[PDB]
Amino acid sequence: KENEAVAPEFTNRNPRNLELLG
Amino acid sequence: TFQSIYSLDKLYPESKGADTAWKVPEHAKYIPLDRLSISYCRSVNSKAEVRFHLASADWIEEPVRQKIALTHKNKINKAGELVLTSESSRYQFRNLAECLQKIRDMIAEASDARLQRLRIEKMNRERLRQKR
Amino acid sequence: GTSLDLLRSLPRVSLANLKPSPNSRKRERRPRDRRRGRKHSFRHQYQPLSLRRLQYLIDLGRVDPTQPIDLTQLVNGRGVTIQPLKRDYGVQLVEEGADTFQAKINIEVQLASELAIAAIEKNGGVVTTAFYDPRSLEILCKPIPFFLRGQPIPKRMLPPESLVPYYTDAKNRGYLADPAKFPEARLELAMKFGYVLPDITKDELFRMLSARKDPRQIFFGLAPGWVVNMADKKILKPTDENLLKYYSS
Amino acid sequence: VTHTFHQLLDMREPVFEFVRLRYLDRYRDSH
Amino acid sequence: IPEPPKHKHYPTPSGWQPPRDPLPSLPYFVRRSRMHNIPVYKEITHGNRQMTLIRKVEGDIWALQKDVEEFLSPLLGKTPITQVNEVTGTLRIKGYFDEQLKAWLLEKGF
């Protein structure tokens with residue numbers, strides 16, 4: 001299935017992504 | 001064969017047997033090598049990796065397996081194998097020997113707040129979740 | 001080589017044609033004219049041998065693998081330079097080549113490294129240490145001259161009390177070491193690396209590899225006190241009972 | 001999220017994590 | 001000196017490999033040393049000038065110089081500075097580049 005392709009690394013841009021994650 | 005007062009048989013009367021120096025001891029003791037898998041990467045120093053499946057490995061007793069996993073969970077690969085690498089010397093066997101020593105130390109040494117906070121923040125979220 | 005085509009065309013050379021190479025001779029100043037007118041012993045000097053060199057020697061076939069390694073053979077092969085005037089007292093081993101020297105063979109060295117011993121034993125080689133008197137070792141390197149002198153083979157000497165502990169040590173694998181500890185010692189060395197110990201007895205040539213001379217005996221082939229009929233290419237053994245007593249003494 | 005990726009998006013779940021003697025005497029300290 | 005013994009697998013565990021067979025048909029042939037080693041020696045003169053010398057040069061020396069100049073020009077970044085002693089059949093190059101040249105010579109099959 002072509003959809004199965006996934007990028008190696010994410011591109012999260014949320015300023016609080018790390019802050020909320022800790 | 002020439003012999004004298006200094007011959008091995010005379011020098012050590014107890015060890016007068018021909019193969020006293022050539023015998024092999026009967027086994028005794030000890031990590032099972034067959035279970036372990038060793039891969040050598042040439043970075044020159046030959047990097048050595050020792051990896052084995054901690055949980056499945058039956059030679060380690062179950063209580064030790066859990067304790068090793070908890071202390072060294074960070075060293076367990078996604079496949080579940082415990083990977084340890086030092087490469088602290090230019091000799092591969094010394095690098096392997098250092099790996100071997102750590103396993104013995106790990107075997108001997110081996111022989112929640114996070115959940116509560118998640119509840120607190122979840123409780124805060126539910127109360128924070130009020131715009132109806 | 002077009003230069004040869006030049007030679008054939010050129011005329012025959014003569015004695016006078018000889019000429020010194022450019023810059024071969026510098027000029028000199030002479031006074032004829034105005035130009036020049038007007039105005040530790042106690043410590044043994046162990047000589048090391050690289051295993052990489054040992055692999056180089058073995059790989060090049062400089063030393064026969066079948067024959068056990070012998071210091072005299074190394075001298076015959078020009079492996080190392082030993083000068084009696086330097087008062088060299090010992091020969092040692094080197095850990096170099098530990099990862100690029102995969103071979104097994106029997107060898108004897110005055111001094112051996114603990115790390116190197118296991119590696120060669122891991123391959124299956126046999127390593128031991130024997131003590132040669134510096135004067136005796138010089139004779140060992142050059143056996144022919146003393147035959148010319150007519151001297152007979154003397155009994156090999158023993159180490160001074162300072163060096164007795166090293167040779168007597170089982171881990172050092174010296175000829176003065178207790179053989180009873182060797183089976184246990186070899187396992188310990190195998191355990192240290194962890195490699196599966198290959199029993200020497202299994203080897204078909206086990207007796208040849210494990211063969212060792214008596215402490216009094218300088219030579220594997222030749223017992224101490226022997227004589228050699230160098231002219232007749234034969235070996236002469238004393239038949240006097242008193243001589244046997246002398247050797248016992 | 002696993003259901004969304006598989007049932008209708010029909011693709012693998014994406015997973016990521018932020019990632020924070022003579023010759024040898026010259027090589028070794030002893031020389 | 002005994003000739004090297006035939007080995008089942010090359011290169012030898014030490015790393016020595018005899019000259020490649022068949023030999024290259026280039027105008028210039030490089031013979032091995034008496035010890036069956038590549039005739040390349042690292043040399044330093046005047047205490048500041050590193051040099052490497054090739055001794056057993058046979059055939060057209062000029063052809064070898066052109067190839068050596070071509071091979072070393074990219075790696076060095078410019079045409080190498082060299083001195084040619086045609087009488088002795090030797091080539092002098094400033095700097096230490098034995099490893100690259102030794103590998104390159106193996107590619108030629110010498």
# chains A, B, ... in the order shown; residues from 1 in each chain; ligands from 1
$ closest_atom_pairs --of "chain C" --to "chain E" --cutoff "12 Å" --atoms "only C-alpha atoms" --output "CSV"
residue,atom,partner,partner_atom,distance
C:1,CA,E:59,CA,6.1
C:2,CA,E:60,CA,8.9
C:3,CA,E:60,CA,10.4
C:4,CA,E:59,CA,11.7
C:21,CA,E:87,CA,10.7
C:22,CA,E:87,CA,11.6
C:51,CA,E:14,CA,10.0
C:52,CA,E:14,CA,6.9
C:53,CA,E:14,CA,8.9
C:54,CA,E:14,CA,9.5
C:55,CA,E:14,CA,6.1
C:56,CA,E:14,CA,6.3
C:57,CA,E:14,CA,9.8
C:58,CA,E:14,CA,9.3
C:59,CA,E:12,CA,6.9
C:60,CA,E:4,CA,4.9
C:61,CA,E:5,CA,5.9
C:62,CA,E:2,CA,6.4
C:63,CA,E:2,CA,9.4
C:64,CA,E:5,CA,10.6
C:65,CA,E:5,CA,11.5
C:76,CA,E:1,CA,11.2
C:77,CA,E:1,CA,8.7
C:78,CA,E:1,CA,10.1
C:79,CA,E:1,CA,11.9
C:97,CA,E:14,CA,8.8
C:98,CA,E:14,CA,11.3
C:99,CA,E:14,CA,10.0
C:100,CA,E:14,CA,6.2
C:101,CA,E:14,CA,6.8
C:102,CA,E:13,CA,7.4
C:103,CA,E:13,CA,9.3
$ interface_residues --of "chain A" --to "chain D" --cutoff "9 Å" --atoms "only C-alpha atoms" --output "list in words"
residues 1, 2, 3, 4, 5, 6, 7, 8, 9 and 10 of chain A
$ residues_around --residues "residue 91 of chain B" --least-positions-apart "4" --cutoff "10 Å" --atoms "only C-alpha atoms" --output "list in words"
residues 44, 45, 46, 47, 48, 87, 95, 96 and 97 of chain B; 95, 96, 97, 98 and 99 of chain C
$ write_last_selection --atoms "C-alpha atoms" --output "short mmCIF file (atom, residue, chain, number, x, y, z; two decimals), in the first residue's frame"
data_model
loop_
_atom_site.label_atom_id
_atom_site.label_comp_id
_atom_site.auth_asym_id
_atom_site.auth_seq_id
_atom_site.Cartn_x
_atom_site.Cartn_y
_atom_site.Cartn_z
CA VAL B 44 41.33 2.28 13.86
CA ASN B 45 39.58 0.54 16.76
CA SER B 46 37.21 -2.38 16.16
CA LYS B 47 33.96 -1.49 17.91
CA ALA B 48 32.35 -4.57 19.46
CA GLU B 87 35.09 0.02 22.97
CA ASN B 95 36.71 -4.45 24.12
CA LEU B 96 34.93 -7.80 24.24
CA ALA B 97 36.48 -8.51 27.65
CA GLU C 95 51.41 -7.20 21.87
CA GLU C 96 51.36 -5.42 18.48
CA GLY C 97 49.36 -7.24 15.84
CA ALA C 98 46.89 -8.57 18.40
CA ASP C 99 43.98 -8.15 15.96
#
$ residues_around --residues "residue 20 of chain A" --least-positions-apart "4" --cutoff "12 Å" --atoms "only C-alpha atoms" --output "ChimeraX atom specification"
/A:14-16 /B:118,121
$ write_last_selection --atoms "N, CA, C and O atoms" --output "mmCIF file, in the first residue's frame"
data_model
loop_
_atom_site.group_PDB
_atom_site.id
_atom_site.type_symbol
_atom_site.label_atom_id
_atom_site.label_comp_id
_atom_site.auth_asym_id
_atom_site.auth_seq_id
_atom_site.Cartn_x
_atom_site.Cartn_y
_atom_site.Cartn_z
ATOM 1 N N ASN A 14 4.839 23.030 17.344
ATOM 2 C CA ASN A 14 4.127 23.652 18.451
ATOM 3 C C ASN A 14 5.130 24.183 19.473
ATOM 4 O O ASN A 14 6.009 23.431 19.919
ATOM 5 N N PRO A 15 5.040 25.458 19.869
ATOM 6 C CA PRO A 15 5.984 25.963 20.882
ATOM 7 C C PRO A 15 5.937 25.192 22.188
ATOM 8 O O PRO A 15 6.976 25.016 22.836
ATOM 9 N N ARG A 16 4.759 24.723 22.595
ATOM 10 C CA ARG A 16 4.587 24.033 23.865
ATOM 11 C C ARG A 16 4.641 22.517 23.724
ATOM 12 O O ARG A 16 4.321 21.805 24.681
ATOM 13 N N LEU B 118 -0.217 12.214 36.108
ATOM 14 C CA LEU B 118 -1.119 12.077 34.969
ATOM 15 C C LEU B 118 -2.573 12.133 35.418
ATOM 16 O O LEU B 118 -3.420 12.720 34.736
ATOM 17 N N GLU B 121 -3.179 15.953 36.315
ATOM 18 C CA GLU B 121 -3.373 16.767 35.119
ATOM 19 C C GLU B 121 -4.649 16.365 34.389
ATOM 20 O O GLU B 121 -5.362 17.223 33.857
#
$ select_by_dssp --residues "chain A" --states "helix (DSSP H, G or I)" --output "PyMOL selection string"
chain A and resi 2-4+17-21
$ write_last_selection --atoms "C-alpha atoms" --output "mmCIF file, in the first residue's frame"
data_model
loop_
_atom_site.group_PDB
_atom_site.id
_atom_site.type_symbol
_atom_site.label_atom_id
_atom_site.label_comp_id
_atom_site.auth_asym_id
_atom_site.auth_seq_id
_atom_site.Cartn_x
_atom_site.Cartn_y
_atom_site.Cartn_z
ATOM 1 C CA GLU A 2 1.419 3.358 -1.075
ATOM 2 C CA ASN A 3 -0.115 5.094 1.954
ATOM 3 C CA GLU A 4 2.108 3.032 4.268
ATOM 4 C CA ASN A 17 5.148 20.562 22.381
ATOM 5 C CA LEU A 18 8.275 20.042 24.484
ATOM 6 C CA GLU A 19 6.947 22.118 27.391
ATOM 7 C CA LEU A 20 3.750 20.077 27.664
ATOM 8 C CA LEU A 21 5.711 16.862 27.092
#
$ closest_residue --among "C:92, C:168, C:128, C:201" --to "chain D" --atoms "only C-alpha atoms"
C:92
$ atom_distance --atom1 "atom CA of residue 91 of chain E" --atom2 "atom CA of residue 54 of chain E"
5.4 Å
$ closest_residue --among "D:24, D:19, D:1, D:8" --to "chain B" --atoms "only C-alpha atoms"
D:24
$ atom_distance --atom1 "atom CA of residue 223 of chain C" --atom2 "atom CA of residue 2 of chain B"
5.9 Å
$ closest_atom_pairs --of "chain C" --to "chain B" --cutoff "9 Å" --atoms "only C-alpha atoms" --output "Markdown table"
| residue | atom | partner | partner_atom | distance |
| --- | --- | --- | --- | --- |
| C:98 | CA | B:91 | CA | 6.8 |
| C:99 | CA | B:91 | CA | 6.6 |
| C:119 | CA | B:93 | CA | 8.8 |
| C:175 | CA | B:8 | CA | 8.2 |
| C:176 | CA | B:8 | CA | 8.2 |
| C:178 | CA | B:12 | CA | 6.9 |
| C:179 | CA | B:21 | CA | 4.3 |
| C:180 | CA | B:20 | CA | 5.2 |
| C:181 | CA | B:21 | CA | 7.0 |
| C:182 | CA | B:21 | CA | 4.9 |
| C:183 | CA | B:24 | CA | 5.0 |
| C:184 | CA | B:25 | CA | 6.2 |
| C:186 | CA | B:24 | CA | 7.9 |
| C:187 | CA | B:25 | CA | 7.1 |
| C:192 | CA | B:97 | CA | 7.4 |
| C:193 | CA | B:97 | CA | 6.0 |
| C:194 | CA | B:97 | CA | 7.8 |
| C:195 | CA | B:33 | CA | 8.8 |
| C:197 | CA | B:24 | CA | 8.5 |
| C:199 | CA | B:24 | CA | 6.6 |
| C:200 | CA | B:22 | CA | 6.8 |
| C:201 | CA | B:22 | CA | 6.8 |
| C:210 | CA | B:22 | CA | 8.3 |
| C:213 | CA | B:2 | CA | 8.0 |
| C:214 | CA | B:7 | CA | 5.5 |
| C:215 | CA | B:6 | CA | 6.1 |
| C:216 | CA | B:6 | CA | 6.8 |
| C:217 | CA | B:2 | CA | 8.0 |
| C:222 | CA | B:2 | CA | 8.6 |
| C:223 | CA | B:2 | CA | 5.9 |
| C:224 | CA | B:2 | CA | 8.3 |
| C:247 | CA | B:4 | CA | 8.8 |
| C:248 | CA | B:4 | CA | 7.1 |
$ atom_distance --atom1 "atom CA of residue 219 of chain C" --atom2 "atom CA of residue 189 of chain C"
28.7 Å
